[PDB]
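The listed protein sequences derive, respectively, from chains A, B, C, D, E, F and G.
Going by our numbering, 91 is the number at position 91 of the first sequence; the sequence numbering is gapless.
Going by our numbering, 132 is the number at position 132 of the second sequence; the sequence numbering is gapless.
Going by our numbering, 33 is the number at position 33 of the third sequence; the sequence numbering is gapless.
Going by our numbering, 47 is the number at position 47 of the fourth sequence; the sequence numbering is gapless.
Going by our numbering, 96 is the number at position 96 of the fifth sequence; the sequence numbering is gapless.
Going by our numbering, 113 is the number at position 113 of the sixth sequence; the sequence numbering is gapless.
Going by our numbering, 93 is the number at position 93 of the seventh sequence; the sequence numbering is gapless.
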Amino acid sequence: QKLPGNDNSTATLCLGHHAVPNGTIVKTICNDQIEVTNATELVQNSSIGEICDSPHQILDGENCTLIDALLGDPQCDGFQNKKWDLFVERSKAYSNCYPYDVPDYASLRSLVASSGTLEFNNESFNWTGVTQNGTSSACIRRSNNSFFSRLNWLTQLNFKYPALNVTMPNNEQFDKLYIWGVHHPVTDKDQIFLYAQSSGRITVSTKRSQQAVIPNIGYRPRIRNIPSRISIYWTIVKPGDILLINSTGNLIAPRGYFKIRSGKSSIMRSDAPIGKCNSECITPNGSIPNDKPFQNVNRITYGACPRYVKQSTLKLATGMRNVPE
Amino acid sequence: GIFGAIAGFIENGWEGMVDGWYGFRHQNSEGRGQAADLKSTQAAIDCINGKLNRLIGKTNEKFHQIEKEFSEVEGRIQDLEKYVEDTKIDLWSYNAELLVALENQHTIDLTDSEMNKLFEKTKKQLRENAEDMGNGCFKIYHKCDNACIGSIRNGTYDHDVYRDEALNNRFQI
Amino acid sequence: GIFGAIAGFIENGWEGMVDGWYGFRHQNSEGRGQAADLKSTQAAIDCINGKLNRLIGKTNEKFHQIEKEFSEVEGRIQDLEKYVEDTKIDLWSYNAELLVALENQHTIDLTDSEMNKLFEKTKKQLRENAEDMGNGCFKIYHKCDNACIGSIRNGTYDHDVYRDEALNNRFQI
Amino acid sequence: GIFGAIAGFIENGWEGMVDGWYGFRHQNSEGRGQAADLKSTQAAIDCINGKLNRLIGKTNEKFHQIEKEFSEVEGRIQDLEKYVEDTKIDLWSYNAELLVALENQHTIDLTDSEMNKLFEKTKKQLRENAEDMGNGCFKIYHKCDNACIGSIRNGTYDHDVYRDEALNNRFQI
Amino acid sequence: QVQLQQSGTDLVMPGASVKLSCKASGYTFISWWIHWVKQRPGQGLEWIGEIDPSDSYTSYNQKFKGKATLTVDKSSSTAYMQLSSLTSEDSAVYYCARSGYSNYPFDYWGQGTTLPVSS
Amino acid sequence: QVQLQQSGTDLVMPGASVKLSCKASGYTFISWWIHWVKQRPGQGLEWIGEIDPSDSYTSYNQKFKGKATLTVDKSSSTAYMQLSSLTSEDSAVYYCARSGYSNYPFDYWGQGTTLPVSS
Amino acid sequence: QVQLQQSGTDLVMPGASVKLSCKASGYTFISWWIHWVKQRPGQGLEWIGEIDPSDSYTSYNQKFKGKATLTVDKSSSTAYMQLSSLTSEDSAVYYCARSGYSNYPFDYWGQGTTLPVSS
Ligand SMILES: *[C@@H]1O[C@H](CO)[C@@H](O[C@@H]2O[C@H](CO)[C@@H](O[C@@H]3O[C@H](CO[C@H]4O[C@H](CO)[C@@H](O)[C@H](O)[C@@H]4O)[C@@H](O)[C@H](O[C@H]4O[C@H](CO)[C@@H](O)[C@H](O)[C@@H]4O)[C@@H]3O)[C@H](O)[C@H]2NC(C)=O)[C@H](O)[C@H]1NC(C)=O
Ligand SMILES: *[C@@H]1O[C@H](CO)[C@@H](O)[C@H](O)[C@H]1NC(C)=O
Ligand SMILES: *[C@@H]1O[C@H](CO)[C@@H](O)[C@H](O)[C@H]1NC(C)=O
Ligand SMILES: *[C@@H]1O[C@H](CO)[C@@H](O)[C@H](O)[C@H]1NC(C)=O
Ligand SMILES: *[C@@H]1O[C@H](CO)[C@@H](O)[C@H](O)[C@H]1NC(C)=O
Ligand SMILES: *[C@@H]1O[C@H](CO)[C@@H](O)[C@H](O)[C@H]1NC(C)=O
Ligand SMILES: *[C@@H]1O[C@H](CO)[C@@H](O)[C@H](O)[C@H]1NC(C)=O
């Protein structure tokens with residue numbers, strides 16, 4: 001735009017554009033590196049470093065797992081009747097009770113996290129002729145031998161184990177989740193001493209499903225000086241159905257229902273500390289601002305979150321093309 | 001950049017345009033002067049902020065999903081979940097890359113279109129009272145190009161009382 | 001890539017163009033009249049109907065699929081099925097939104113480009129016989145009746161027999 | 001939206017360019033000649049080669065995946081795997097079709113834009129010494145010794161002595 | 001919908017002047033032209049003139065140059081004919097027609113205003 | 001494939017006129033120029049003329065002004081050469097060359113027609 | 001950042017000539033204009049003149065026409081302002097300012113050079 005030397009009969013009017021100095025390089029479909037005046041970042045590169053709980057009821061799992069809090073671990077007794085929107089499980093979590101192994105651990109954890117509540121109602125179950133509240137040395141609660149708080153270990157009484165046959169109908173207007181299990185002893189002598197029968201059998205059935213399990217007596221590697229395991233099963237009773245628990249031994253009896261529901265709850269595995277914010281999105285690294293369309297922090301998300309992409313940066317051309325000099 | 005204005009006949013941009021995006025600049029008898037064009041600048045900002053309201057915000061809520069990190073080996077279900085998550089991530093990464101590239105190309109083409117639109121609007125306002133020199137400037141031939149009869153290049157240029165074609169528009173040396 | 005015709009120098013659309021999409025309109029000594037342009041209208045209709053062929057009618061057959069509504073609550077498999085279906089629905093919804101936005105932008109750019117192309121064609125038809133008034137009409141500086149008006153609309157323009165009469169009135173008048 | 005040059009004002013192509021894509025072809029008193037324009041050809045080649053760089057050679061490594069062919073017939077898991085694979089294939093086929101159509105449309109728009117940009121550059125260079133015939137040619141109203149034809153193509157053409165003579169040739173009788 | 005309302009019948013003495021009316025509704029009055037057709041019981045349709053409501057452009061038939069005057073009212077969306085010196089040959093049915101421009105077909109017609117010029 | 005078929009060998013008496021032929025096949029005849037090159041048995045190649053088949057545009061060498069006359073036949077896709085007043089210095093091999101244009105190179109050449117001008 | 005380094009204090013005898021300096025750093029010197037403002041202790045700010053570093057365009061105030069002359073040095077990115085025939089009325093603080101163009105506001109200002117014109 002070299003303007004002439006101002007002749008006083010005829011002169012020029014020029015047109016131009018913005019061209020801020022030293023703009024930003026973006027990507028187009030012709031040029032992979034073109035400079036524009038302004039550009040915005042569309043990928044959330046980093047988080048604030050911590051989870052924080054203003055919109056969502058974040059429940060810190062601490063050194064407790066969701067299944068342990070479901071079962072009633074003495075170190076997880078502080079989670080009784082607790083609701084949440086996101087259970088943050090920590091990598092430091094462990095178990096300090098009787099060893100257990102859920103055969104469908106992922107499914108049980110997913111359904112309990114989707115229900116998103118630990119509210120528990122006790123039922124007056126009709127256990128007749130057996131001994132309730134069995135205790136173990138590997139499960140310590142206030143310096144005494146204890147067990148899971150939501151599970152009832154039923155043993156022999158006076159060297160006799162009558163064949164259990166109980167019934168609790170769902171007369172309410174909601175689903176009833178019954179958590180139970182089968183005890184796997186270590187020896188035939190131990191099985192005889194515990195349940196007075198050489199072999200047990202549990203048939204927890206409803207009006208649309210049945211679950212028959214057999215205890216597997218045998219030796220196992222010792223966890224907390226216990227060579228036995230308890231595999232945990234669950235049963236869901238719809239309104240109008242009837243929970244029929246009949247057994248002849250090796251029953252870890254339930255104590256009530258857990259009131260599963262449908263909502264917006266989930267579970268996350270994270271190690272970030274919990275602070276104070278107002279943030280809609282939670283990643284295992286921490287809460288991110290959900291103002292950018294995309295992210296590269298983590299593929300695990302909860303809430304209104306940007307979509308995960310593999311790109312590190314994506315500059316949208318906010319301004320015009322920069323032509324300096 | 002298909003209209004060929006920002007990188008075309010305009011050889012370079014103008015550092016110092018701190019108020020607008022497109023503007024006018026002159027040197028007449030009453031000295032040099034600059035002004036910004038509010039209409040084209042506002043139209044460009046309007047379309048770019050429309051893209052910004054489409055992109056910024058509007059995040060879908062995904063509360064409960066599948067597990068995406070596994071600490072053990074299971075087999076079929078693990079492979080299927082990993083395959084589904086990798087497929088979703090690859091498809092969304094391709095969508096993000098294509099959207100960014102297409103919208104950047106559209107933004108540059110829109111800027112070129114707005115610059116060419118302002119240039120052609122000024123050319124149609126001037127009619128035969130000015131000649132385009134190919135630098136994006138308009139050699140205006142009568143008098144007082146942008147001081148007293150040239151603040152009216154907001155839409156009110158008379159182009160009839162200054163039909164001065166005899167001075168230098170059609171003249172012999 | 002707005003060419004600045006449909007919302008630029010053409011101030012408003014013509015409610016009354018019952019046939020055709022683009023057209024001419026004259027003001028002669030024999031009265032007013034107007035007619036449509038078949039070629040540009042047919043080109044715009046051809047591209048829009050081609051978009052309609054690739055959109056309307058072509059559907060894929062999906063006979064057997066997975067369950068998408070569940071009455072009971074199993075975990076791992078029903079959550080992968082729900083996750084897969086939600087991922088497919090979100091990807092296809094994004095594809096639909098991007099496709100609709102891109103096709104609408106291309107349609108608007110095409111309909112602007114056809115108007116600008118027809119304007120530039122009828123501008124190149126009359127080299128020094130008409131001047132751009134900048135409102136879409138051309139001040140043609142000679143006695144033109146309906147015969148030469150339809151010749152301009154026709155493509156049988158001469159631009160040489162009227163050149164003297166359109167060059168005296170353009171400059172001396 | 002295309003411009004109006006490649007298939008519109010530029011009538012039927014030339015086929016004589018064996019070196020360049022765009023160029024000039026004149027008829028002077030010294031005889032006819034053809035020459036290619038390196039700048040517009042190189043710009044179109046650069047953008048087309050960039051579009052080829054996004055696609056050719058850039059592939060993602062997918063080592064272990066799910067089984068996609070089943071000899072036996074099964075239930076939920078096999079149906080889910082088939083559904084996931086069919087969904088991925090359909091989404092990538094739609095992405096490929098949309099990408100091919102969009103890049104072909106942009107390549108056609110780019111070539112049309114480059115031809116129109118070269119024509120407008122030549123028109124701005126020639127000033128009021130040449131006229132638009134509508135065929136895409138320039139009736140240059142001043143004779144030259146092929147030096148003007150050489151100086152128009154590279155970009156070193158001025159009005160020079162050939163302004164008064166060109167105006168006298170344009171405005172006669 | 002689009003309608004062109006007209007008066008039914010006007011009794012006018014011979015040698016006088018009348019101002020017919022054609023109320024336009026259901027459409028933008030500026031964008032569409034208004035024409036005028038006269039139909040005698042013993043003759044065919046006869047075009048009288050056309051009016052452009054945007055700027056009041058007048059172009060009449062040669063037979064009706066000094067007979068009819070076409071005016072519009074943009075506020076009330078009405079078009080008027082000022083017939084002058086009505087004779088026995090002017091007793092016919094008058095229609096108002098919406099076309100779109102001068103060289104386009106009459107899209108919608110009026111009901112027809114009979115004008116018996118008799119004493 | 002593109003090729004320029006020519007006549008084999010014409011034995012023409014001195015002082016006579018000959019009309020050589022260069023049949024074009026395998027390409028669009030009107031979109032490519034045709035040249036003519038004469039090669040003496042002792043000397044090198046000498047350009048004679050060029051023709052544009054679209055409109056029969058002619059421009060010959062300065063030496064071969066009145067000697068050569070280039071014509072084309074768009075129906076049969078053949079380019080002729082009316083050599084007139086053959087002498088002893090006109091006995092040479094004549095080639096026809098396809099081209100993009102006047103300044104574009106000789107893309108493809110014919111087989112060459114030997115023209116012995118002897119009695 | 002954008003800085004306009006200026007001299008601190010120059011002691012000049014009356015009736016002599018001084019050449020102030022204003023070094024520009026942190027920005028492109030060519031594309032931004034440079035102005036000069038004089039502020040007396042008993043008066044307000046007074047604009048002297050402006051310079052375009054691209055092609056040395058000069059336009060001064062009517063009061064300071066022969067007093068000041070504005071020059072630039074594109075190599076060292078320094079803008080000069082030569083004062084001629086200094087009197088007692090010229091003893092004031094002089095500021096150099098970067099604006100952006102002629103009619104645009106002064107973005108960044110210099111530190112100001114006090115010029116006591118005394119004997
Ligand atoms: C079938 O095969 C399995 C193989 O897995 C055998 O299982 C092992 O059996 C041995 C023997 O009972 C177990 O060893 C025991 O480990 C206990 C736990 O050890 C931890 O705690 C002690 C402190 O209490 C620490 O010192 C130690 O480092 C560990 O951190 C010990 O407490 C036991 O000690 C008992 O025996 C010693 C004598 O050896 C006494 O001095 C002690 O006071 C105490 O009474 C004992 O060492 C072992 O843990 C079992 N599991 C594994 C994985 O090896 C089955 O026994 C075998 N069954 C048959 C019928 O053959
Ligand atoms: C941008 O470039 C300019 C030189 O043109 C330089 O002074 C400035 O420091 C650069 N900005 C950054 C953030 O590096
Ligand atoms: C487990 O958590 C409790 C409370 O958070 C803490 O007191 C205890 O030390 C933890 N256990 C270990 C082994 O750190
Ligand atoms: C429990 O079972 C015993 C069986 O002996 C029965 O007599 C008793 O009524 C039952 N009680 C309830 C509350 O069902
Ligand atoms: C077992 O323990 C529970 C406390 O969880 C108590 O309510 C119940 O009465 C106990 N039953 C017996 C038989 O001690
Ligand atoms: C219009 O063109 C057609 C064919 O091109 C032909 O009738 C004639 O050349 C033209 N007619 C009129 C009335 O201009
Ligand atoms: C035309 O451009 C060429 C570069 O290709 C160069 O010789 C010069 O700039 C121009 N030619 C002449 C003779 O000036």
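Don't be surprised by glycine CBs; every beta carbon is placed ideally from N, CA and C.
Proximal residues of chain F, C-beta to C-beta of residue i below 8 Å
i       : result
D/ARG32 : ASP52, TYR57, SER59, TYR101, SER102
D/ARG25 : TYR101
Minimum Cβ-Cβ distance from residue i to chain C less than 7 Å
i        : result
D/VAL84  : yes
B/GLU72  : no
B/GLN42  : no
A/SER107 : yes
D/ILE173 : yes
Chain G residues whose Cβ lies nearer than 7 Å to that of residue i
i       : result
B/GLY16 : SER31, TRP32, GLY100, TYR101, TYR104
Test: residue i CB closer than 7 Å to a CB of chain D
i        : result
B/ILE140 : no
C/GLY4   : no
B/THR107 : no
Chain-ordered chain E contacts of residue i [CB-CB under 8 Å]
i       : result
C/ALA35 : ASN103
Within chain B, partners of residue i - CB distance below 7 Å
i        : result
D/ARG127 : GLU131
A/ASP291 : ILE56, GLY57
C/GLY136 : Result: empty, since nearest Cβ-Cβ is about 10 Å, beyond 7 Å.
A/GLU325 : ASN12
According to DSSP, residues forming a beta bridge with residue i
i        : result
A/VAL26  : A/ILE34
A/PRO254 : A/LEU151
Below-7 Å beta-carbon distance, residue i vs any chain B residue
i        : result
C/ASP112 : no
D/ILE66  : yes
A/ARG321 : yes
A/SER114 : yes
Chain-ordered chain C contacts of residue i [CB-CB under 7 Å]
i        : result
A/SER110 : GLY75, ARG76, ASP79
Within chain A, the residues that residue i reaches when beta carbons sit closer than 7 Å
i       : result
G/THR28 : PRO21
Within chain C, partners of residue i - CB distance below 8 Å
i        : result
B/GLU120 : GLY4
Chain A within 7 Å of residue i, Cβ atoms only
i        : result
B/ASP145 : yes
B/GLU165 : no
Chain B contact residues for residue i, given Cβ-Cβ distances below 8 Å
i       : result
C/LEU99 : The premise fails here: C/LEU99 is roughly 12 Å from chain B at the closest Cβ pair, so nothing lies under 8 Å.
Beta-carbon neighbours of residue i, restricted to chain B and to distances below 9 Å
i       : result
A/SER47 : Ordered by position in chain B, no residue passes the 9 Å Cβ test against A/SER47, which lies about 15 Å from the chain.
Contiguous alpha helix (DSSP H) assignments of at least 4 residues, all confined to the stretch 66–135 of chain C
Runs of the alpha helix (DSSP H) lying entirely within the stretch 66–135 of chain C, each at least 4 residues long, are 76–125 in chain order.
Going residue by residue through the stretch 84–115 of chain A, where are the continuous alpha helix (DSSP H) segments of at least 4 residues, counting only ones entirely within it?
Listed in chain order, they are 105–115.
Contiguous beta strand (DSSP E) assignments of at least 3 residues, all confined to the stretch 29–103 of chain G
DSSP runs (the beta strand (DSSP E)) wholly in the stretch 29–103 of chain G: 34–39, 45–52, 57–60, 68–73, 78–83, 93–98.
Quick one, what's near ligand 3 if you take every residue whose CB is closer than 5 Å to any heavy atom, in chain order?
Counting every residue whose Cβ lies closer than 5 Å to a heavy atom of ligand 3, we get A/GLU62, A/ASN63.
Closer than 6 Å is what we want: which residues have a beta carbon that near any heavy atom of ligand 2? List them in chain order.
The answer, residue by residue, is A/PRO21, A/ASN22.
Residues near ligand 5, CB to any non-hydrogen atom under 5 Å, in chain order?
Taking each Cβ in turn, the ones that pass are A/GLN132, A/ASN133.
Neighbouring residues (CB closer than 7 Å to any heavy atom of ligand 1)
Going by the Cβ distance cut-off, the answer is A/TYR219, A/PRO221, A/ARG222, A/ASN225, A/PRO227.
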